[PDB]
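Chemist: Can you read through this structure? Questions will come right after.
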Amino acid sequence: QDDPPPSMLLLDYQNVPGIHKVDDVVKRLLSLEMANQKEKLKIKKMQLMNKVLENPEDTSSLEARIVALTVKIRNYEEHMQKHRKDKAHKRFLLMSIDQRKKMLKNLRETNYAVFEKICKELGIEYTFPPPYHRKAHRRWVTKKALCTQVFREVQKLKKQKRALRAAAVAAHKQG
Amino acid sequence: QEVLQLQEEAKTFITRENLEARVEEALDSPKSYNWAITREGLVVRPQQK
Amino acid sequence: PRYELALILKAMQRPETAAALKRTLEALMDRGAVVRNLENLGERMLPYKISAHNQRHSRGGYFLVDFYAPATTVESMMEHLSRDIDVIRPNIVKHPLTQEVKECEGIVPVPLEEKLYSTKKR
Amino acid sequence: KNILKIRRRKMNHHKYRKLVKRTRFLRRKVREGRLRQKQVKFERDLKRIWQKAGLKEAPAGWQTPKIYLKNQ
RNA sequence: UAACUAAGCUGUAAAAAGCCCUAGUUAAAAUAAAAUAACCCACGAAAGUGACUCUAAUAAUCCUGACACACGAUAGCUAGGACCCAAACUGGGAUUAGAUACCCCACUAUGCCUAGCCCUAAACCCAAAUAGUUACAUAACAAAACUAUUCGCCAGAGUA
RNA sequence: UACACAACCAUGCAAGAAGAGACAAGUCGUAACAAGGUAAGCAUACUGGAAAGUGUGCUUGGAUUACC
RNA sequence: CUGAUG
Ligand SMILES: [Mg+2]
Ligand SMILES: [Mg+2]
Ligand SMILES: [Mg+2]
Ligand SMILES: [Mg+2]
Ligand SMILES: [Mg+2]
Ligand SMILES: [Mg+2]
Ligand SMILES: [Mg+2]
Ligand SMILES: [Mg+2]
Ligand SMILES: [Mg+2]
Ligand SMILES: [Mg+2]
Ligand SMILES: [Mg+2]
Ligand SMILES: [Mg+2]
Ligand SMILES: [Mg+2]
Ligand SMILES: [Mg+2]
Ligand SMILES: [Mg+2]
Ligand SMILES: [Mg+2]
Ligand SMILES: [Mg+2]
Ligand SMILES: [Mg+2]
Ligand SMILES: [Mg+2]
Ligand SMILES: [Mg+2]
Ligand SMILES: [Mg+2]
Ligand SMILES: [Mg+2]
Ligand SMILES: [Mg+2]
Ligand SMILES: [Mg+2]
Ligand SMILES: [Mg+2]
Ligand SMILES: [Mg+2]
Ligand SMILES: [Mg+2]
Ligand SMILES: [Mg+2]
Numbered sequence: 001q002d003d004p005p006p007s008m009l010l011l012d013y014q015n016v017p018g019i020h021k022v023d024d025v026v027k028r029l030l031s032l033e034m035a036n037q038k039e040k041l042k043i044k045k046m047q048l049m050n051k052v053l054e055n056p057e058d059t060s061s062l063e064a065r066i067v068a069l070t071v072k073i074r075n076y077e078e079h080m081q082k083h084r085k086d087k088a089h090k091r092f093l094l095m096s097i098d099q100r101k102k103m104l105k106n107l108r109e110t111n112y113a114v115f116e117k118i119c120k121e122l123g124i125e126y127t128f129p130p131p132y133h134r135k136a137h138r139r140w141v142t143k144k145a146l147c148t149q150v151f152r153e154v155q156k157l158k159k160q161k162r163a164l165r166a167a168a169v170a171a172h173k174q175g
Numbered sequence: 176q177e178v179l180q181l182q183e184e185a186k187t188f189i190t191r192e193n194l195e196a197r198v199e200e201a202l203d204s205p206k207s208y209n210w211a212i213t214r215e216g217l218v219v220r221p222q223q224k
Numbered sequence: 225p226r227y228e229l230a231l232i233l234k235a236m237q238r239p240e241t242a243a244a245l246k247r248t249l250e251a252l253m254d255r256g257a258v259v260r261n262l263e264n265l266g267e268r269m270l271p272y273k274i275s276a277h278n279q280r281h282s283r284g285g286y287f288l289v290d291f292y293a294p295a296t297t298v299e300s301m302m303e304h305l306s307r308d309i310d311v312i313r314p315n316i317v318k319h320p321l322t323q324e325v326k327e328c329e330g331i332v333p334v335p336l337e338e339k340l341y342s343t344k345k346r
Numbered sequence: 347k348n349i350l351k352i353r354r355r356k357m358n359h360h361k362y363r364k365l366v367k368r369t370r371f372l373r374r375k376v377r378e379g380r381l382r383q384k385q386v387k388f389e390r391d392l393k394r395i396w397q398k399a400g401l402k403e404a405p406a407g408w409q410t411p412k413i414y415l416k417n418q
């Protein structure tokens, strides 16, 4: 997890000269300690786009939009961890995840190398949409488990039978 | 310009040393924010009385 | 100024008000905030009789504390000020100066809306 | 106008509700009798699987819980 | 809940019933709700939201698109808590030939908070979404008539 | 050779339960169509021989007669 | 204030 220091000297007051010559009373007010959550969001977005992307000026890229939405997704998850019954933020998060997955699909279809690097850097495990979207009910789950166990038992008994037959052939070919 | 302006405001801040001074300064220099308006659009302050 | 503390202190003597403001600013400085200024709005009559700390308050001294504070201590300062018997009603708001005065364009002449009904002959 | 059909549907729904209130417990008996046969048919369809697959008995560690007879 | 005063208070077109531990004034917690501003039309996907303050925050470099996922007013259920006030039900008092109703009084579930369900509306703006036009052109009324890509529906009525 | 072997369905009957419909005429009330004499209807809960009544939200498929 | 039916 990322941990921005309280004295990060946020981007709005970072590129200008004469920032380390002022006193601590001014630096502490111009830092992230007296800042809001949007300032931390901007700091995380900048620090992630500077290390994951290759051209931070090309914001219109799918690889940049994926990072900009990943920051918001992680912030919404941090919000959900404190607020449980918040339905609007939960819907926002569940739709932002779907938008990020759609853009991941587009990036995988356009440039495979950038997609594979984005996934490895952001930890997003791109899952392929499973066809035949169905609600797994109790009957279907029980029948599938039964069929799986029956298949395993049948193949196990057939393997044991083949082993016994191989042993009986080896004992009969010798004498 | 914002940084230079904030630098000037840091000169009059209240600290552990200036606490006892600012308390007795504010308790003897009261302030007022009451100001009315007119139909023409001009403001008046009761400090003129 | 970022935040603003409207403090309503009980009508007491000059050294008592001085010590009350001293301890309040000391608590605000311990909670991680630097006080910019302090303005006494004078001891005026309360618009209504406030009942706080099992006391019927009829008058009260108004104080205005503009400062910078992180978003994590606003509730702690309010909890500290609530349990103070010399504080009648504390309020922690945003300072009205951080909202830049946008351009009041003026009374834009809005015409009467048309095309609300068909052209059928009555 | 349309209130004719509205009141017609209202009266039909009201009569259905009154019939349900009058024959409530008979409907519950029929529901239990249908769920029983449902569970029995499910049990037989499960038992047919391994019998057509070659297994003589049920696989080890199989309980076949009740999915329709779940109490409220 | 305490203190002064009076034998009356509430109650309808008229009464009765109920309360006379009642009624007015002065003070007074806990709970529920949030006058005027609002001739405002904003926010949110919809339901929904307008007593104050603070923190978080309101997706998509933005097409349509399910039976999948996630929400979904009041009303209903379970457990714990709260209960001023209103009231399903119920008990009384009127009226009626009858009134298990509209009228009056008392009272309960419930409306209130947390957690978990139920997933329903005239969920109507009865007008689907996306980008546009004023060309031809009034079944009637109503909110005037329409384009191109779509999604989901519509085969007489009752039965339902 | 070693096992389940009428379970599962379909076709008729069934003591019976309930509903819907048509079928000149009845009994008991008047629910809605007019501010149908209590304005209606939707979801839901309760109650009543019955149409229905009531409570909580919702729409006008109703007006509030328009210098009133 | 109330007044059912054809
Ligand atoms: Mg019918
Ligand atoms: Mg009496
Ligand atoms: Mg109480
Ligand atoms: Mg209010
Ligand atoms: Mg909107
Ligand atoms: Mg947006
Ligand atoms: Mg879409
Ligand atoms: Mg109660
Ligand atoms: Mg009451
Ligand atoms: Mg009664
Ligand atoms: Mg409820
Ligand atoms: Mg619901
Ligand atoms: Mg609605
Ligand atoms: Mg419709
Ligand atoms: Mg004509
Ligand atoms: Mg659509
Ligand atoms: Mg049909
Ligand atoms: Mg009338
Ligand atoms: Mg009638
Ligand atoms: Mg009526
Ligand atoms: Mg009626
Ligand atoms: Mg009547
Ligand atoms: Mg009517
Ligand atoms: Mg009604
Ligand atoms: Mg109903
Ligand atoms: Mg009743
Ligand atoms: Mg009643
Ligand atoms: Mg009408």
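Chains as they are written, first to last, in my numbering: chain S, 1 to 175; chain H, 176 to 224; chain L, 225 to 346; chain G, 347 to 418.
Where is the CB? At the ideal position from N, CA and C, for every residue including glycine.
How would you write the range of the beta strand (DSSP E) that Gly266 (chain L) sits in, first residue to last?
Modeler: Your numbering for residue 266 (chain L) matches position 42 in the third sequence. From DSSP, the beta strand (DSSP E) with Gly266 (chain L) extends over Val258 to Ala276.
Chemist: Would you give the residue range spanned by the beta strand (DSSP E) that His281 (chain L) belongs to?
Modeler: One-based indexing of the third sequence puts residue 281 (chain L) at position 57. Taken as a continuous stretch (DSSP letters only), the beta strand (DSSP E) holding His281 (chain L) covers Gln279 to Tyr292.
Chemist: Which class does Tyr227 (chain L) belong to by DSSP, given the choice of helix, strand or coil?
Modeler: Numbered from 1 along the third sequence, position 3 holds the residue referred to as residue 227 (chain L). Strand at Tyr227 (chain L).
Chemist: Going by the beta-carbon positions, is the gap between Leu29 (chain S) and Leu181 (chain H) smaller than 8 Å?
Modeler: Residue mapping note: residue 29 (chain S) aligns to position 29 of the first sequence, counting from 1. Residue mapping note: residue 181 (chain H) aligns to position 6 of the second sequence, counting from 1. Yes, they are a contact pair.
Chemist: Quick one: which chain H residues come within Cβ less than 8 Å of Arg238 (chain L)?
Modeler: On the third sequence, residue 238 (chain L) is found 14 positions in, with the first residue counted as 1. The contacting residues are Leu202.
Chemist: Name the residues in the stretch 65 to 81 of chain S whose C-beta lies less than 9 Å from a C-beta of chain H; which are they?
Modeler: Listed in sequence order: no entries.
Chemist: Check for me: the alpha helix (DSSP H) holding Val317 (chain L) runs from which residue to which?
Modeler: If you number the third sequence from 1, residue 317 (chain L) lands on position 93. That residue, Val317 (chain L), is in no alpha helix (DSSP H); its beta strand (DSSP E) goes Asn315 to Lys318.
Chemist: Exposed or buried, which one is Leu11 (chain S) when buried takes at least 16 other CB atoms within 10 Å?
Modeler: Position 11 of the first sequence, counting from 1, holds the residue named residue 11 (chain S). With fewer than 16 other Cβ atoms within 10 Å, it is exposed.
Chemist: In the DSSP output, what is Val311 (chain L) paired with across the bridge?
Modeler: Here residue 311 (chain L) corresponds to residue number 87 of the third sequence, with the count starting at 1. DSSP output for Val311 (chain L) lists L:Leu233 as bridge partner(s).
Chemist: Using a Cβ-Cβ cut-off of 8 Å (strictly less than) and excluding sequence neighbours within five positions of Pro294 (chain L), which residues of its own chain qualify?
Modeler: As a position in the third sequence, residue 294 (chain L) is number 70, starting the count at 1. Result list for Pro294 (chain L): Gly256 and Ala257, in chain order.
Chemist: Distance check for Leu202 (chain H) and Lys234 (chain L), CA to CA, integer angstroms please.
Modeler: Counting from one through the third sequence, the residue named residue 234 (chain L) turns up at place 10. Counting from one through the second sequence, the residue named residue 202 (chain H) turns up at place 27. Their backbone Cα atoms lie some 15 Å apart in a straight line.
Chemist: Out of curiosity, what's the CA-to-CA distance linking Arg382 (chain G) and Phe388 (chain G)?
Modeler: In the fourth sequence, the residue the question calls residue 382 (chain G) occupies position 36. In the fourth sequence, the residue the question calls residue 388 (chain G) occupies position 42. When rounded, the distance between both Cα atoms is 10 Å.
Chemist: Please classify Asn75 (chain S) as buried or exposed, where buried requires at least 16 neighbouring CB atoms within 10 angstroms.
Modeler: Mapped onto the first sequence, residue 75 (chain S) falls at position 75. Buried, because 16 or more other Cβ atoms sit within 10 Å of the Cβ of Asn75 (chain S).
Chemist: Distance, Cα to Cα, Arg247 (chain L) vs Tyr286 (chain L)?
Modeler: Locating residue 247 (chain L) in the third sequence gives position 23, counting from the first residue. Locating residue 286 (chain L) in the third sequence gives position 62, counting from the first residue. Near 16 Å, if we compare the C-alpha coordinates of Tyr286 (chain L) and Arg247 (chain L).
Chemist: Which word fits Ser31 (chain S), buried or exposed, when buried means at least 16 other C-beta atoms lie within 10 angstroms of its C-beta?
Modeler: Counting from one through the first sequence, the residue named residue 31 (chain S) turns up at place 31. Result: buried.
Chemist: Pick out whichever of S:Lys87, S:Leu146, S:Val16 and S:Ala68 has its Cα sitting closest to the Cα of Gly407 (chain G).
Modeler: The residue you call residue 407 (chain G) lines up with position 61 of the fourth sequence. Closest by alpha carbon: S:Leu146.
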